[PDB]
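Below: the structure, in structure tokens.
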Amino acid sequence: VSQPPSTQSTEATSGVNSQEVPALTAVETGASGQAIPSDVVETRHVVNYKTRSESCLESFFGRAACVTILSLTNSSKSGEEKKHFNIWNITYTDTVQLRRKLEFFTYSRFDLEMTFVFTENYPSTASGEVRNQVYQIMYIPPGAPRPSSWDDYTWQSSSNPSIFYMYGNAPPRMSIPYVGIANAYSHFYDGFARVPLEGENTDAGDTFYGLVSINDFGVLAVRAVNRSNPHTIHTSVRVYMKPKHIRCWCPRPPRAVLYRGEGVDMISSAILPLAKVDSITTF
Amino acid sequence: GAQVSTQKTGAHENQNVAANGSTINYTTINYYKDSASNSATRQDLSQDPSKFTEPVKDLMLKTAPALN
Amino acid sequence: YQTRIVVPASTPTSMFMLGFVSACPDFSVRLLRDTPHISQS
Amino acid sequence: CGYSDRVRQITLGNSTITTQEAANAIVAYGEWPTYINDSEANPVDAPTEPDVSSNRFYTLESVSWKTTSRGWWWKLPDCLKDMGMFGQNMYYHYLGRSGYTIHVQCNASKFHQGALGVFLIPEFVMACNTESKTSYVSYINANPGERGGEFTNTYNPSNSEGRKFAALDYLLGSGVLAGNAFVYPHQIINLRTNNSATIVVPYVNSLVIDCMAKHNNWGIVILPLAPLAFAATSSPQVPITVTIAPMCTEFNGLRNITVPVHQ
Amino acid sequence: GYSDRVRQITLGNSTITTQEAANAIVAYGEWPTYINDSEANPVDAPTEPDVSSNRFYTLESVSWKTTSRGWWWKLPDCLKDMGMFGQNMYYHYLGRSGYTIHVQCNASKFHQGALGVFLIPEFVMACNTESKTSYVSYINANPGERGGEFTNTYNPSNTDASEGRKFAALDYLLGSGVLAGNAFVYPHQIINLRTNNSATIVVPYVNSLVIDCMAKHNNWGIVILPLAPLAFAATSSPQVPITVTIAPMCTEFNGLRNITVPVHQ
Ligand SMILES: CCCCCCCCCCCCCC(=O)O
């Protein structure tokens, strides 16, 4: 049995009167200071059995997060037929907690576990007998046709992945292999999707900046598959994601301020991330 | 064709040695052929902090002055 | 201040220093929690 | 025999840089630029390797360090787009790849004080100066050339003034506190000990090779960390000169010269 | 390689660095050690603190002005309230220690002047009255971390009992009748402002006994003199601080009793 490597142990050490100076360095070098307690104080011999387990990237990332909430309305009213199904752009952008962890890195490569959770209620003041509902989650790859309606032919899912869930059973779940075209997903893209060429010179219209212009993972088309009932059912579909088997590159700091949309845009009302301290000598 | 590995030390498992008994083991069988379907990878504590904390071209020693 | 900062003639009398913080090699964490530093409506 | 970490001679192509006062040198992430290996390659076309033609240092227009400066911004493959052969090849070839040597120069007397942090940021994506639409910056403003751009300490988004970056210094232009800028490979020119900084930059992307007219894989950020000061005057000035060379330059796919929107 | 000027001294929970020292002196070539069984006087079970008393302490700073004639300290006395060293010397009848003495004084390259730092064993000083001999109060004899000062005027009083109980601390005669120019016989280092900004002297315990009573006797004193005057030429009156930092080392005590509380003001 192989014991996992522990963090640094401390050797015992005594006093020093030498020309060696572990405490003085330069950081101008790009290096962080390297001093440890045995370099500046006398120390005792302490065996360190602790490990960096929860800090591993797999552990850090390995939690499902809610990413989005979709709204489906199963209704007999003709004016609500269009709401019987809904379509969502696949992204992690919609929720702050997950994009924040992912944005610690410039690039990442991972497989993704998705779980869906369904909750339903009656939005009406008059509830009544409704038969158990069934839901369909269809994946539509980029370039694939999308349904114009809940009963459109595309729901046949002859080429598309599709999972069916009967309400009340365990939340449906599946695993998605890494699908990036690149050899890693980029969480940032300092560039444009297309190069505007001489002859078409405008400032406005350059909506091609940022990764948002080069990422299309298709959509999730979610449908109640039931016939309309006299009493309307409002269903909340929560989409969860858990990155797994993840490798990350080129770390960067986390965002200090609130996000505005899909890019790195700041909100003028919220660019002040720190609290005031009464004085430099406060403690 | 199962694989056997070692569990994270539990509450009553008083050996921080992590190599005591055959009762600290677990068995994993893969049930899918697509590797994306497998459970999380084994913990790997290999690290190389120097990559980010001291990426200096020339050798730096703690005791030597940083600038000579 | 130990002693004092000594400045020669025609030299600035207001200096700055930059403090930095980092973890040492004998360092780890035990359990995850959601960060308290960011939110959304 | 008297060799010292304080001095260095960097020679690439027909260009040599000598330094008397520097804090070693940095190789970002511990890696040097290399050519694309046979085991990791996308393009089919035989590569073009300009070698000694493009792999020389070019000097970007200098900027002045004033006591009110908040910082300076450059994008790396962009700042060299009009410089010599490197420039011409990125316009002729669809794909390209290169590493870089970034050398920042800033001399001052022993009676001056102040410090500049030099950071190299992979994918230096910046926020826009408008609240009408997100991720909305013109091609021209996002690609200033050797001129670069500057950081500010105020945010005044528009509701043409909008299609440019909201380059706040304290948030590094993207909502990220500057104190953490040190995560990125960096070096400090502390006028107390150094007059220059050197960083070796590997090609970094999610791809082996990419289109240079579209993607700036690295950016250069220079920020005062400590203000410039000199007892004799309220407005001392010190020029900062940024000198850059491509390394291991490689290109793939020859077409008609690309001519991007210009001014 | 390593320079001679750059150094790091670590003891207990404290470190002192320097980038401008003229090496370091080990008085008489000997380090502080613990008493060998073969030389022990008491038969008590000794107390040997490891990292309590053996840390550096910073004494109240003094100012160097062009008119100062020097400063002095009695060594065990200057650390009498210094944490655990202080408490142990009062709880125990006997005690012994060596010391690391580190003196600091900054100046710019435009400044000039020099400080002689001398360690004098048995630094006995003259009374300030001509009517009595070997006359000095306990309190004036033992000022604490504050130290005392040297003067260049001998103004004894054969009628004023109060002044007579203070020391006649002449600078040129080191307070005892010896020309200062011969002070160099004692272990010493010079903080010449154009060369160094600090000095370090390692001090063994030196006495006729292996161990003595600390509340009664000062094994060593510290004398700092303005061997060369301070000057800046960009002011009518330059000033730089001098700070003395001291750590006991290889400390031991015996004779545990009620805490001694000396007469004080
Ligand atoms: C039947 C439902 C199948 C759903 C398949 C969805 C495919 C999603 C691809 C992975 C998204 C990656 C997002 C990112 O990291 O930027």
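Order determines the names: the first chain of the structure tokens is A, the second B, and so forth; residues in each chain are numbered 1 upward, and ligands are numbered 1 upward as they are shown.
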
Considering only C-alpha atoms, return as number ranges by chain whatever protein or nucleic-acid residues lie within 12 Å of segment 37-39 of chain D, sequence-local ones (same chain, fewer than 5 positions apart) excluded. D: 44, 46-47, 208-209, 250

With N, CA, C and O atoms retained, could you export that selection as a PDB file, in the first residue's frame?
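Resulting contents of result.pdb:
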ATOM      1  N   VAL D  44      -1.232  20.547 -42.405  1.00  0.00           N
ATOM      2  CA  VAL D  44      -0.618  19.581 -43.288  1.00  0.00           C
ATOM      3  C   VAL D  44       0.535  20.182 -44.065  1.00  0.00           C
ATOM      4  O   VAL D  44       1.507  19.498 -44.380  1.00  0.00           O
ATOM      5  N   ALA D  46       3.772  22.011 -45.398  1.00  0.00           N
ATOM      6  CA  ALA D  46       5.069  22.092 -44.788  1.00  0.00           C
ATOM      7  C   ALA D  46       5.125  23.466 -44.153  1.00  0.00           C
ATOM      8  O   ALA D  46       4.654  24.418 -44.776  1.00  0.00           O
ATOM      9  N   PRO D  47       5.704  23.618 -42.967  1.00  0.00           N
ATOM     10  CA  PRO D  47       5.839  24.859 -42.264  1.00  0.00           C
ATOM     11  C   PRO D  47       6.878  25.749 -42.861  1.00  0.00           C
ATOM     12  O   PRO D  47       7.875  25.280 -43.409  1.00  0.00           O
ATOM     13  N   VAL D 208      -2.349  24.055 -31.038  1.00  0.00           N
ATOM     14  CA  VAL D 208      -0.953  24.020 -31.377  1.00  0.00           C
ATOM     15  C   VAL D 208      -0.525  25.308 -32.078  1.00  0.00           C
ATOM     16  O   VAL D 208       0.558  25.826 -31.836  1.00  0.00           O
ATOM     17  N   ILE D 209      -1.354  25.764 -33.008  1.00  0.00           N
ATOM     18  CA  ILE D 209      -1.102  26.919 -33.860  1.00  0.00           C
ATOM     19  C   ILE D 209      -2.413  27.667 -34.122  1.00  0.00           C
ATOM     20  O   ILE D 209      -3.452  27.018 -34.191  1.00  0.00           O
ATOM     21  N   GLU D 250       7.115  30.105 -36.363  1.00  0.00           N
ATOM     22  CA  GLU D 250       6.639  29.160 -37.363  1.00  0.00           C
ATOM     23  C   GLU D 250       5.310  29.585 -37.998  1.00  0.00           C
ATOM     24  O   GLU D 250       4.391  30.023 -37.306  1.00  0.00           O
TER      25      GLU D 250
END

Mind the document's chain letters and residue numbers, and return as a list in words the residues of segment 66-149 of chain E that DSSP labels alpha helix (DSSP H). residues 75, 76, 77, 78, 83, 84, 85, 86, 87, 88, 89, 90, 91, 138, 139, 140 and 141 of chain E

Could you give me, as a PDB file with C-alpha atoms, in the first residue's frame, the residues within 10 Å of segment 195-200 of chain D, counting only C-alpha atoms and dropping anything in the same chain fewer than 4 positions from it?
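Generated file (part06.pdb):
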ATOM      1  CA  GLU A  28      12.193  41.495  -8.518  1.00  0.00           C
ATOM      2  CA  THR A  29      13.457  38.222  -9.837  1.00  0.00           C
ATOM      3  CA  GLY A  30       9.892  37.039 -10.349  1.00  0.00           C
TER       4      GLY A  30
ATOM      5  CA  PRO B  55      10.336  30.318 -12.659  1.00  0.00           C
ATOM      6  CA  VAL B  56      13.774  31.778 -12.786  1.00  0.00           C
ATOM      7  CA  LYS B  57      16.105  30.987 -15.620  1.00  0.00           C
TER       8      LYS B  57
ATOM      9  CA  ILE D  10      20.823  38.362 -25.067  1.00  0.00           C
ATOM     10  CA  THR D  19      22.030  44.741 -19.429  1.00  0.00           C
ATOM     11  CA  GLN D  20      24.072  45.946 -16.498  1.00  0.00           C
ATOM     12  CA  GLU D  21      21.384  45.805 -13.812  1.00  0.00           C
ATOM     13  CA  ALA D  22      18.708  43.095 -13.725  1.00  0.00           C
ATOM     14  CA  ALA D  23      17.166  40.487 -11.447  1.00  0.00           C
ATOM     15  CA  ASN D  24      18.068  37.278 -13.273  1.00  0.00           C
ATOM     16  CA  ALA D  25      15.540  36.453 -16.024  1.00  0.00           C
ATOM     17  CA  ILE D  26      12.251  34.602 -16.062  1.00  0.00           C
ATOM     18  CA  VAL D  27      11.173  31.700 -18.136  1.00  0.00           C
ATOM     19  CA  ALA D  28       7.435  31.606 -17.938  1.00  0.00           C
ATOM     20  CA  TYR D  29       6.126  28.305 -16.614  1.00  0.00           C
ATOM     21  CA  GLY D  30       9.638  26.870 -16.845  1.00  0.00           C
ATOM     22  CA  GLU D  31       9.421  26.446 -20.610  1.00  0.00           C
ATOM     23  CA  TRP D  32      11.208  27.698 -23.662  1.00  0.00           C
ATOM     24  CA  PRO D  33       9.629  28.242 -27.061  1.00  0.00           C
ATOM     25  CA  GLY D  99       7.265  32.472 -28.444  1.00  0.00           C
ATOM     26  CA  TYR D 100       8.730  35.747 -27.329  1.00  0.00           C
ATOM     27  CA  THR D 101      11.439  37.488 -25.390  1.00  0.00           C
ATOM     28  CA  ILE D 102      10.055  40.492 -23.628  1.00  0.00           C
ATOM     29  CA  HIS D 103      12.538  43.011 -22.408  1.00  0.00           C
ATOM     30  CA  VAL D 104      11.424  46.104 -20.535  1.00  0.00           C
ATOM     31  CA  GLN D 105      13.843  48.963 -20.084  1.00  0.00           C
ATOM     32  CA  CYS D 106      13.639  51.834 -17.589  1.00  0.00           C
ATOM     33  CA  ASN D 107      16.680  53.827 -16.401  1.00  0.00           C
ATOM     34  CA  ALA D 108      16.678  56.233 -13.491  1.00  0.00           C
ATOM     35  CA  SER D 109      19.227  57.801 -11.224  1.00  0.00           C
ATOM     36  CA  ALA D 115       8.650  50.514  -9.289  1.00  0.00           C
ATOM     37  CA  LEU D 116       7.033  48.931 -12.315  1.00  0.00           C
ATOM     38  CA  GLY D 117       5.433  45.556 -12.349  1.00  0.00           C
ATOM     39  CA  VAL D 118       5.694  43.784 -15.645  1.00  0.00           C
ATOM     40  CA  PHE D 119       3.168  41.068 -16.206  1.00  0.00           C
ATOM     41  CA  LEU D 120       2.498  38.781 -19.102  1.00  0.00           C
ATOM     42  CA  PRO D 185       4.584  35.375 -14.912  1.00  0.00           C
ATOM     43  CA  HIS D 186       6.024  38.697 -13.905  1.00  0.00           C
ATOM     44  CA  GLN D 187       9.067  40.702 -13.040  1.00  0.00           C
ATOM     45  CA  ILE D 188       9.625  43.989 -11.214  1.00  0.00           C
ATOM     46  CA  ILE D 189      11.755  46.872 -12.239  1.00  0.00           C
ATOM     47  CA  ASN D 190      12.457  48.417  -8.910  1.00  0.00           C
ATOM     48  CA  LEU D 191      14.412  51.529  -9.649  1.00  0.00           C
ATOM     49  CA  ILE D 240      10.058  53.142 -20.626  1.00  0.00           C
ATOM     50  CA  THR D 241      11.124  51.259 -23.688  1.00  0.00           C
ATOM     51  CA  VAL D 242       9.761  47.842 -24.549  1.00  0.00           C
ATOM     52  CA  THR D 243      11.890  45.607 -26.752  1.00  0.00           C
ATOM     53  CA  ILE D 244      10.450  42.374 -28.146  1.00  0.00           C
ATOM     54  CA  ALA D 245      11.631  39.440 -30.194  1.00  0.00           C
ATOM     55  CA  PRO D 246       9.702  36.430 -31.532  1.00  0.00           C
ATOM     56  CA  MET D 247      11.213  33.044 -30.793  1.00  0.00           C
TER      57      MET D 247
END

Pick out the chain E residues within 12 Å of chain D. Count only C-alpha atoms. Give them as a PyMOL selection string. chain E and resi 1+108-109

In Å to one decimal, how far is atom CA of residue 67 of chain A from atom CA of residue 39 of chain C? 13.6 Å

If we count only C-alpha atoms, which residues of chain C reach to within 8 Å of chain D? Please list them as a VMD selection string. chain C and resid 10 to 13 15 to 18

At a cut-off of 8 Å and counting only C-alpha atoms and all ligand atoms, what residues surround ligand 1? Please answer as an NGL selection string. :A and (90-92 or 108 or 110-112 or 114 or 137-141 or 160-163 or 174 or 176-180 or 185-187 or 215 or 217-220)

Sel. of strand (DSSP E) residues, segment 4-142 of chain D, as an NGL selection string: :D and (8-12 or 15-19 or 26-27 or 58-59 or 63-65 or 72-75 or 93-105 or 112-122)

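Near residue 16 of chain A, within 12 Å and counting only C-alpha atoms, sit residues 21, 22, 38, 39, 40, 41 and 42 of chain A; 7, 8, 9, 10, 11, 12, 13, 14, 15, 16, 17 and 100 of chain E, not including residues fewer than 5 positions from it in the same chain.
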
Write a file of the just-selected residues containing C-alpha atoms, as an mmCIF file, in the first residue's frame.
data_model
loop_
_atom_site.group_PDB
_atom_site.id
_atom_site.type_symbol
_atom_site.label_atom_id
_atom_site.label_comp_id
_atom_site.auth_asym_id
_atom_site.auth_seq_id
_atom_site.Cartn_x
_atom_site.Cartn_y
_atom_site.Cartn_z
ATOM 1 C CA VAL A 21 20.896 34.803 4.668
ATOM 2 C CA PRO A 22 17.666 32.900 3.892
ATOM 3 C CA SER A 38 13.382 26.826 10.013
ATOM 4 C CA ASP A 39 15.127 29.660 8.184
ATOM 5 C CA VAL A 40 14.105 32.414 10.617
ATOM 6 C CA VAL A 41 13.294 30.896 14.037
ATOM 7 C CA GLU A 42 14.490 27.939 16.040
ATOM 8 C CA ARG E 7 24.857 38.303 7.547
ATOM 9 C CA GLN E 8 21.977 36.662 9.436
ATOM 10 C CA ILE E 9 21.839 36.074 13.142
ATOM 11 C CA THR E 10 19.112 33.789 14.453
ATOM 12 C CA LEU E 11 18.381 33.060 18.108
ATOM 13 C CA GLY E 12 15.173 31.915 19.750
ATOM 14 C CA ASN E 13 12.220 33.548 18.015
ATOM 15 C CA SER E 14 14.198 36.390 16.516
ATOM 16 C CA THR E 15 16.469 37.193 13.590
ATOM 17 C CA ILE E 16 18.704 40.090 12.752
ATOM 18 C CA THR E 17 19.880 40.683 9.257
ATOM 19 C CA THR E 100 25.147 38.701 21.462
#

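If we count only C-alpha atoms, these residues of chain E sit within 9 Å of chain B: residues 1, 2, 3 and 6 of chain E.
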
Output the selection as a PDB file, in the first residue's frame - N, CA, C and O atoms for each residue.
ATOM      1  N   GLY E   1      28.801  32.722  -4.239  1.00  0.00           N
ATOM      2  CA  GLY E   1      29.572  32.970  -3.048  1.00  0.00           C
ATOM      3  C   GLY E   1      28.752  33.824  -2.082  1.00  0.00           C
ATOM      4  O   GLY E   1      27.590  34.135  -2.372  1.00  0.00           O
ATOM      5  N   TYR E   2      29.366  34.191  -0.934  1.00  0.00           N
ATOM      6  CA  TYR E   2      28.769  35.008   0.131  1.00  0.00           C
ATOM      7  C   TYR E   2      29.702  36.161   0.418  1.00  0.00           C
ATOM      8  O   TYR E   2      30.917  36.021   0.283  1.00  0.00           O
ATOM      9  N   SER E   3      29.141  37.303   0.788  1.00  0.00           N
ATOM     10  CA  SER E   3      29.928  38.475   1.139  1.00  0.00           C
ATOM     11  C   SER E   3      30.208  38.477   2.620  1.00  0.00           C
ATOM     12  O   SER E   3      29.543  37.784   3.380  1.00  0.00           O
ATOM     13  N   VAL E   6      27.237  40.942   4.395  1.00  0.00           N
ATOM     14  CA  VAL E   6      25.892  40.425   4.557  1.00  0.00           C
ATOM     15  C   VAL E   6      25.857  39.276   5.556  1.00  0.00           C
ATOM     16  O   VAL E   6      26.666  38.361   5.479  1.00  0.00           O
TER      17      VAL E   6
END

Define the interface residues of chain E facing chain C as those within 9 Å, counting only C-alpha atoms, and report them as an mmCIF file with N, CA and C atoms, in the first residue's frame.
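Output (part_6.cif):
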data_model
loop_
_atom_site.group_PDB
_atom_site.id
_atom_site.type_symbol
_atom_site.label_atom_id
_atom_site.label_comp_id
_atom_site.auth_asym_id
_atom_site.auth_seq_id
_atom_site.Cartn_x
_atom_site.Cartn_y
_atom_site.Cartn_z
ATOM 1 N N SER E 61 15.981 53.271 22.153
ATOM 2 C CA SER E 61 16.927 53.917 21.251
ATOM 3 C C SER E 61 17.480 55.200 21.815
ATOM 4 N N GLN E 104 23.136 49.050 15.977
ATOM 5 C CA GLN E 104 22.707 49.560 14.686
ATOM 6 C C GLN E 104 22.699 51.076 14.570
ATOM 7 N N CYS E 105 23.162 51.602 13.432
ATOM 8 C CA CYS E 105 23.128 53.045 13.200
ATOM 9 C C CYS E 105 23.214 53.417 11.724
ATOM 10 N N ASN E 106 22.104 53.878 11.170
ATOM 11 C CA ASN E 106 22.004 54.222 9.761
ATOM 12 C C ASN E 106 22.422 55.619 9.426
ATOM 13 N N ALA E 107 22.992 55.762 8.252
ATOM 14 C CA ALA E 107 23.346 57.056 7.732
ATOM 15 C C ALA E 107 23.426 56.974 6.223
ATOM 16 N N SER E 108 23.324 58.095 5.532
ATOM 17 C CA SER E 108 23.449 58.073 4.092
ATOM 18 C C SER E 108 24.912 58.164 3.742
ATOM 19 N N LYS E 109 25.216 58.096 2.467
ATOM 20 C CA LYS E 109 26.588 58.121 1.993
ATOM 21 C C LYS E 109 27.195 59.524 2.092
ATOM 22 N N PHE E 110 26.339 60.498 2.374
ATOM 23 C CA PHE E 110 26.732 61.885 2.482
ATOM 24 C C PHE E 110 27.024 62.229 3.928
ATOM 25 N N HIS E 111 26.825 61.268 4.811
ATOM 26 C CA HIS E 111 27.074 61.472 6.214
ATOM 27 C C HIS E 111 28.430 60.935 6.561
ATOM 28 N N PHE E 232 26.569 66.067 8.282
ATOM 29 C CA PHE E 232 25.804 65.850 7.048
ATOM 30 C C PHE E 232 26.045 66.908 5.973
ATOM 31 N N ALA E 234 24.167 69.285 5.104
ATOM 32 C CA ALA E 234 22.946 69.761 4.481
ATOM 33 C C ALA E 234 21.980 70.182 5.570
ATOM 34 N N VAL E 240 21.083 61.044 13.796
ATOM 35 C CA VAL E 240 20.772 59.684 13.395
ATOM 36 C C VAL E 240 20.552 58.939 14.699
ATOM 37 N N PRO E 241 19.719 57.920 14.773
ATOM 38 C CA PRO E 241 19.516 57.067 15.914
ATOM 39 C C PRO E 241 20.603 56.036 16.049
ATOM 40 N N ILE E 242 20.791 55.562 17.264
ATOM 41 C CA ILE E 242 21.603 54.394 17.550
ATOM 42 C C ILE E 242 20.758 53.417 18.339
ATOM 43 N N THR E 243 20.659 52.193 17.880
ATOM 44 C CA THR E 243 19.852 51.238 18.613
ATOM 45 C C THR E 243 20.641 50.017 18.989
#

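Note that atom CA of residue 81 of chain E and atom CA of residue 57 of chain E are 10.4 Å apart.
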
Residues near residue 245 of chain A, anyone? I mean within 9 Å using only C-alpha atoms, not counting same-chain ones fewer than 6 positions away, as a PyMOL selection string. (chain A and resi 57-58+62+109-112) or (chain B and resi 36+39-41)

Find the residues in chain D near chain A: any atom within 8 Å counts, using only C-alpha atoms. Write them as a PyMOL selection string. chain D and resi 23-26+122-128+131+134-140+155-157+160+163+171+174-177+180-181+183-190+205-207+213-217+258-263

Up to 9 Å from chain A, what residues of chain B turn up? Count only C-alpha atoms and give them as a ChimeraX atom specification. /B:5-6,16-20,34-41,43-46,50,52-56,61-67

Write the selection just made, keeping C-alpha atoms, as a PDB file, in the first residue's frame?
ATOM      1  CA  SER B   5      -7.260   0.503  -4.292  1.00  0.00           C
ATOM      2  CA  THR B   6      -6.999   2.277  -0.942  1.00  0.00           C
ATOM      3  CA  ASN B  16      -2.085   7.922   9.468  1.00  0.00           C
ATOM      4  CA  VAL B  17       0.347   5.512   7.907  1.00  0.00           C
ATOM      5  CA  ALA B  18      -2.433   4.527   5.518  1.00  0.00           C
ATOM      6  CA  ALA B  19      -1.037   1.045   5.126  1.00  0.00           C
ATOM      7  CA  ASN B  20      -2.525  -0.986   7.924  1.00  0.00           C
ATOM      8  CA  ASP B  34     -16.774   5.031 -22.849  1.00  0.00           C
ATOM      9  CA  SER B  35     -14.124   6.329 -20.456  1.00  0.00           C
ATOM     10  CA  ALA B  36     -16.071   9.515 -19.772  1.00  0.00           C
ATOM     11  CA  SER B  37     -18.526   7.301 -17.860  1.00  0.00           C
ATOM     12  CA  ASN B  38     -15.952   6.214 -15.299  1.00  0.00           C
ATOM     13  CA  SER B  39     -15.756   7.591 -11.766  1.00  0.00           C
ATOM     14  CA  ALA B  40     -13.238  10.282 -10.731  1.00  0.00           C
ATOM     15  CA  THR B  41      -9.597   9.595 -11.205  1.00  0.00           C
ATOM     16  CA  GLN B  43      -6.008  11.296  -6.286  1.00  0.00           C
ATOM     17  CA  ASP B  44      -2.613  12.411  -7.431  1.00  0.00           C
ATOM     18  CA  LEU B  45      -0.676  14.752  -5.200  1.00  0.00           C
ATOM     19  CA  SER B  46       2.173  15.245  -7.596  1.00  0.00           C
ATOM     20  CA  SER B  50       8.332  25.968  -8.629  1.00  0.00           C
ATOM     21  CA  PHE B  52       4.774  29.312 -10.764  1.00  0.00           C
ATOM     22  CA  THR B  53       6.613  30.381  -7.615  1.00  0.00           C
ATOM     23  CA  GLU B  54      10.196  30.528  -8.832  1.00  0.00           C
ATOM     24  CA  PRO B  55      10.336  30.318 -12.659  1.00  0.00           C
ATOM     25  CA  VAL B  56      13.774  31.778 -12.786  1.00  0.00           C
ATOM     26  CA  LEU B  61      19.618  29.403  -3.784  1.00  0.00           C
ATOM     27  CA  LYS B  62      17.902  30.383  -0.575  1.00  0.00           C
ATOM     28  CA  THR B  63      21.082  31.290   1.248  1.00  0.00           C
ATOM     29  CA  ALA B  64      22.901  33.054  -1.524  1.00  0.00           C
ATOM     30  CA  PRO B  65      21.886  36.692  -2.069  1.00  0.00           C
ATOM     31  CA  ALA B  66      19.207  36.863  -4.748  1.00  0.00           C
ATOM     32  CA  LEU B  67      21.230  39.533  -6.493  1.00  0.00           C
TER      33      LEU B  67
END

If we count only C-alpha atoms, which residues of chain C reach to within 8 Å of chain A? Please list them as a ChimeraX atom specification. /C:24-32,34-35,37-40
